[PDB]
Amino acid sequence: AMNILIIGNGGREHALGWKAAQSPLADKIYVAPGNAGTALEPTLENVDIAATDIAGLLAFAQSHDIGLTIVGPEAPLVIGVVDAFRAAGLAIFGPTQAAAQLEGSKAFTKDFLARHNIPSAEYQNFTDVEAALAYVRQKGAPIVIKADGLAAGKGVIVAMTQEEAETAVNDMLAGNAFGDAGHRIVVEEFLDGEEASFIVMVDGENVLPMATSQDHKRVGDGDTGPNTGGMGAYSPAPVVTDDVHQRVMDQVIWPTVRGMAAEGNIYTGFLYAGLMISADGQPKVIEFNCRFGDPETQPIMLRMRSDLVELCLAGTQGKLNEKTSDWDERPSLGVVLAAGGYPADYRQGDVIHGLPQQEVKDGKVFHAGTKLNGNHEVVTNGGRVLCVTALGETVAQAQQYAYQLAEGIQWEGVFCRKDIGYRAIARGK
C-alpha cells in the first residue's frame, strides 16, 4: 500500500480523504492542514503544514514516503505545488502552475475560450457611453451590465428590457462624457437556462468524467441574494441528459484539453467546469474554477464505487483511457450549513453542538470551515462550515434524509438553504 497526501482544508478535501481511506491501495492518509472533520476521522491524520507552504509540503512528502498527492484547492496550484513535487519525482494529481491558469485566472480563460471558439458568454468593455449604447442597441435585451465601485448587490444589472439596458449603461458611465470621471463597464451576454457542474479527471491527453452535479450558488432560497461558493449540491443532474453530455464533451471538454496541450500547457488533475445548459440542451461555459468542485465533490464521493486512489494514480501515469468509473445508482445530496453573514462577514469561533458521534448508514457530515481545539470543542472556522450529505432512492428522498441528519446540528447563526435539489425534485427525480 502507498501513503497518500491530500492538500487542503475544505469539505472537498474531507470527502477526498474519506474516500481515499477506503482504498486497499492506501496505507496512511494525511491531510495538510485538514480541518476538524479530518481530525475526527479515524482513518485520516492531519499534518500542520499550510496548503501554500510548498517547501513544507515537499519536505513532508519526502520524509513520509508519500506515493500519491492529491490537490484540492486553488491556492497551492497557482503557486506551483505540482511543478515542485514533479521536479522532486513525486506523483501528484493536479495542474501545473501554467495549466492552473485555466481555473485561476478569469482573464486567461476568457481569452482561451475565445481563441478556441468554446461556447461561452460574449462580452465587451466600455468607457464611452455612446459606444456602449450602440452595442446594447445592437444586441438587445436581455443583457448583463457590470461596474465596480457601487454598493453590495448593485454592481451587476441583469437588464431584461431595452430600457433597463440603456438605463444601466447611462447610469454606470454617467460623468465620463463631461467630467472624465473614470468609470468602466463590462457588457456581457445573459446566459439563461439551468446550471450544472461538470467535473472530469484529466491525465494530459485522456479524460475520465465524474458524475454530474448541480450546485446552488445564490445564498437564498429560490435563487435569491448574493452569490456564494455553493450552498449545496446533488448528483446526478438531470439537466445533463445523454445528449447534453455528448455536447459538453465535444464542444467544451475535448477542445479545452486539446487546446491547453496545443499551447504547451498540458492540463492534468481535476477540471471543474461550471456550465449553463440552455432550454435546447446546449452548453455554455460560465467559468472553469475550483468553486465548481465544493460542495459538488461531497455527494459525488458518496456515490463513487470506484477506487479514488486507483483512478488518481492512473491520472498521474497517463492511463485514464484504461479506466472506467462505477457509481451507486442512487442519487446523493449535500446541504451546506453556513455561518450567518456569509458570503459577507460572519463570526468564527462558535462551538458546534449536535455533531454525530457515529457514522450512519447512507449519510456523512463533511466538514469545511471547522477547527478542533485543545479542549476537544469543534468550532466554526469559515463561512461554509459543514456539508450534510445523504444518499436516497430519489433526489427527493436524499433531500429528506440530508435535512434529517442536519436537524440537530446547532451554533449561533447557523443557516442553510431549504431548497437544495428543487430543480430535480420538480421533475420527479
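One-based numbering along the sequence shown.
Enquirer: Quick one: say whether 5-13 or 18-26 has the higher mean Cα B-factor in the deposited entry.
Expert: Higher mean C-alpha B-factor: 18-26.
Enquirer: Which is higher on average in the deposited entry, the C-alpha temperature factors of 67-75 or of 248-256?
Expert: Taking the mean B-factor of the alpha carbons in each, 67-75 is higher.
Enquirer: Tell me which of 38, 370, 389, 373 tops the list for C-alpha B factor in the record.
Expert: Highest C-alpha B-factor among the listed residues goes to 373.
Enquirer: So among 101, 138, 297, 235, who wins on Cα B-factor in the entry?
Expert: Of the options given, 138 has the highest CA B-factor in the PDB entry.
Enquirer: Ranking every modelled residue in this chain by its Cα temperature factor as given in the entry, which third contains residue 84?
Expert: Its C-alpha B-factor, which the entry lists for residue 84, ranks in the middle third among residues of this chain.
Enquirer: Looking at the entry's B-factor column for C-alpha atoms only, identify whether residue 347 ranks in the lowest, middle or highest third of its chain.
Expert: Middle third - that is where residue 347 ends up once the chain's C-alpha B-factors are sorted.
Enquirer: Is residue 203 in the lowest, middle or highest third of its chain when residues are ranked by C-alpha B-factor?
Expert: Bottom third by C-alpha B-factor.
Enquirer: Would you mind checking where the Cα B-factor of residue 267 ranks among the modelled residues of its chain, as the lowest, middle or highest third?
Expert: Lowest third.
Enquirer: For residue 355, does the deposited CA B-factor place it in the lowest, middle or highest third of the chain?
Expert: Highest third, going by the recorded CA B-factors of the chain.
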